[PDB]
Amino acid sequence: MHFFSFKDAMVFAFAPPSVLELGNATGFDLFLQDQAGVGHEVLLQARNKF
Amino acid sequence: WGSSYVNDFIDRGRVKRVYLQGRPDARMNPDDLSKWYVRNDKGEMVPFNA
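- The PDB entry lists chain B under the name Multidrug resistance protein MexB, with Pseudomonas aeruginosa PAO1 as the source organism.
- Recorded in the entry header as its title is "MexB in complex with LMNG".

- The PDB entry lists chain A under the name Multidrug resistance protein MexB, from Pseudomonas aeruginosa PAO1.

What to know about the packing of aromatic side chains
- Going through the model one piece at a time under the given rule, you end up with 5 aromatic pairs over all chains.
- Both rings, one in A:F3 and one in A:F6, keep their centres 4.2 Å apart while their planes meet at 40°; by these two values the pair is tilted.
- When the ring of A:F12 is compared with that of A:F14, the centres are 5.1 Å apart and the planes differ by 15°; the resulting orientation is stacked. As far as the burial class goes, A:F12 and A:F14 line up, both exposed.
- Taken together, the ring pairs connect B:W1, B:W36 and B:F48 into an aromatic cluster.

As for unusual backbone geometry
- Despite not being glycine, A:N24 has its phi angle at roughly 70°, a positive value.
- Looking at where A:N24 falls in the secondary structure, it is placed in the segment before α1 (40-49).
- Unusually for a residue other than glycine, B:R12 sits at a positive phi of about 60°.
- Structurally, B:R12 is set in the loop between β1 (4-11) and β2 (14-20).

Thresholds, definitions, all that
Residues numbered from 1 in each chain as written, not as in the entry; some residues may be left out. Chains lettered and ligands numbered in written order. Part of a larger assembly, values for the part shown. Heavy atoms only, no water. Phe/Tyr/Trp six-rings, centres within 6.5 Å; stacked < 30°, edge-to-face > 60°. Buried < 20%, exposed > 50% of the residue type's maximum accessible area, 1.4 Å probe, protein only. Helix = DSSP H or I, 4+ residues; strand = E, 2+ residues; numbered from the N terminus.

Right, dumping it as structure tokens:
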């Protein structure tokens, strides 16, 4: 609450997972790709859209 | 004759090569090579058959 409520800068504070060997961070993980060679701009929008 | 590789260039997202070879018709036959002229130290243009 202290800082993620600043327009100054994001301050996302968090704890590591149960087994540190895989992560630094809990929950899920994935990658959006570019199989067409659409270029950076589309994929960047796709990230936000998503 | 021996298509020289010079550097890369991006193509639709991807690093690919840039080759530099003489025209097809200038490397077909034994006398076809006498066509290729070189530089002369004194600025002039020395032939290959020389």
